[PDB]
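Protein chains: 2
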Amino acid sequence: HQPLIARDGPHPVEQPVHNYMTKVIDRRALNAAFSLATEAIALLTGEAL
Amino acid sequence: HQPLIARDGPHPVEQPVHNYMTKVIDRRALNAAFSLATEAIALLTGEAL
Numbered sequence: 100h101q102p103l104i105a106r107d108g109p110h111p112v113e114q115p116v117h118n119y120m121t122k123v124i125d126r127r128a129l130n131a132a133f134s135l136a137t138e139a140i141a142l143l144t145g146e147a148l
Numbered sequence: 100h101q102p103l104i105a106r107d108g109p110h111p112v113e114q115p116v117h118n119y120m121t122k123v124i125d126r127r128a129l130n131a132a133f134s135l136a137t138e139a140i141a142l143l144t145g146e147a148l
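If you're matching them up, the sequences are chains A and B in order.
The numbering of the first sequence is UniProt numbering, which starts it at 100 and goes up by one.
The numbering of the second sequence is UniProt numbering, which starts it at 100 and goes up by one.
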């Protein structure tokens, strides 16, 4: 909401303005890589025990 | 009212002085606009209620 300052003619009379605005969300991500190795699966599976 | 300082000859002899001005008022105005809208009139009026 914007204000006024009343002036005198012939400055045409001004009326209180208003502003209605909206915004749209924007989207991103992040990434990290955990990779294992073959035998380490056998040890955790228990197969190579 | 303006004052005197009494001098000597051969300087001429000055007299008391008095000054009267009267200023005229200067006039102006200001302006602001309230404007409404139609469907807003019907509400407050009680009509569309």
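Even for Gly, the Cβ is constructed at its ideal location relative to N, Cα and C.
Looking at the unbroken alpha helix (DSSP H) that takes in residue i, where does it start and where does it end?
i: residue 140 (chain A); result: 137 to 144
Could one say the Cβ of residue i lies closer than 7 Å to chain B's Cβ atoms, at least one of them?
i: residue 112 (chain A); result: yes
i: residue 105 (chain A); result: yes
With 7 Å as the threshold, decide whether the Cβ of residue i is near any Cβ in chain A.
i: residue 61 (chain B); result: With chain B covering only 100 through 148, there is no way to say anything about residue 61 (chain B).
i: residue 147 (chain B); result: no
i: residue 139 (chain B); result: no
If you draw a straight line from the C-alpha of residue i to the C-alpha of residue j, how long is it?
i: residue 102 (chain B); j: residue 118 (chain B); result: 11 Å
i: residue 137 (chain B); j: residue 107 (chain A); result: 27 Å
i: residue 135 (chain A); j: residue 147 (chain A); result: 16 Å
Cβ pair count under 8 Å reaching 3, the segment 106 to 125 of chain A against the segment 136 to 143 of chain B: No, the segment 106 to 125 of chain A does not touch the segment 136 to 143 of chain B.
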